[PDB]
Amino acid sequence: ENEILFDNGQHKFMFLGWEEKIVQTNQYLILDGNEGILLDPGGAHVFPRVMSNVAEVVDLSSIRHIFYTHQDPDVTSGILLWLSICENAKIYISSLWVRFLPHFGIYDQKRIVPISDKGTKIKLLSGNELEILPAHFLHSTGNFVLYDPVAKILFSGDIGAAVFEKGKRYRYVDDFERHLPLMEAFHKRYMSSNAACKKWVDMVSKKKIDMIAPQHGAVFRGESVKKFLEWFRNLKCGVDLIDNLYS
């Protein structure tokens, strides 16, 4: 049941899945001209189905960029598979993490772009940009988000992640306050501090963002883009609550 979150001729932003059946994980795909961009593609456990859902929309040889927000252990199993099935892809991972690439069968880094802490920009043959923005400590030590200025969509990874209730999945947040309880425990335990959340929001508030797309949970649209950014900005998380940790 794929979905188009944006479409202008050169540029589609796609929300694939799901199935009927592990947490729920989302898969997103950007089509721009004759190249594809994978966002946090599924690791080895889910790999047969994610790859077929992908080959179903775009030639796997036209995948030209694969971006990883961070080193989840269930995405890290898949780097070598994606590398070996998408010969034309560069793989983008944080430079903090590239030393572990041998430990995954990656010994040649000629298609590995280690992202600097300040971030970077992917430029495509069409002439459109993707912005990989710093998002460190939310939650991983080296962590990034991806902003598509053509589509006006922020791929947030685990920022805005939610875990659904028992068989009550849904794809879009149209009522923020009823969505928040699926979010709150994860964000307080995992996000490093309110200082980190305020800095990240103050940065994403300068981009034109119609939709925030997390890696788990529902896609934020409409009025929940504002509401999530406010809630996140004032959130006490992580070290702010570290006396209840350790306790």
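When you see a residue number, it is the position in the sequence shown, counting from 1.
Per the record, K21 and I22 are separated by 1 to 3 deposited residues that have no coordinates.
Higher mean CA temperature factor, per the PDB entry, when comparing 50-58 with 184-192: 50-58. For the pair 87-95 and 163-171, the record assigns the higher mean C-alpha temperature factor to 163-171. Within the listed group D117, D158, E131, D74, the record reports its top CA B-factor for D74. By the numbers in the PDB entry, the CA B factor is greatest at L124 among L124, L154, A135, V113. In this PDB entry, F176 carries a Cα temperature factor that places it within the highest third of its chain's modelled residues. Annotation for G105: CA B-factor lies in the highest third of the chain's modelled residues.
When the modelled residues of the chain are ordered by their C-alpha B factor, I66 lands in the lowest third. When the CA B factors of the chain's modelled residues are split into thirds, the value for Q215 lands in the lowest one. Ranked against the other modelled residues of its chain, the C-alpha B-factor of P41 as given in the entry falls in the lowest third.
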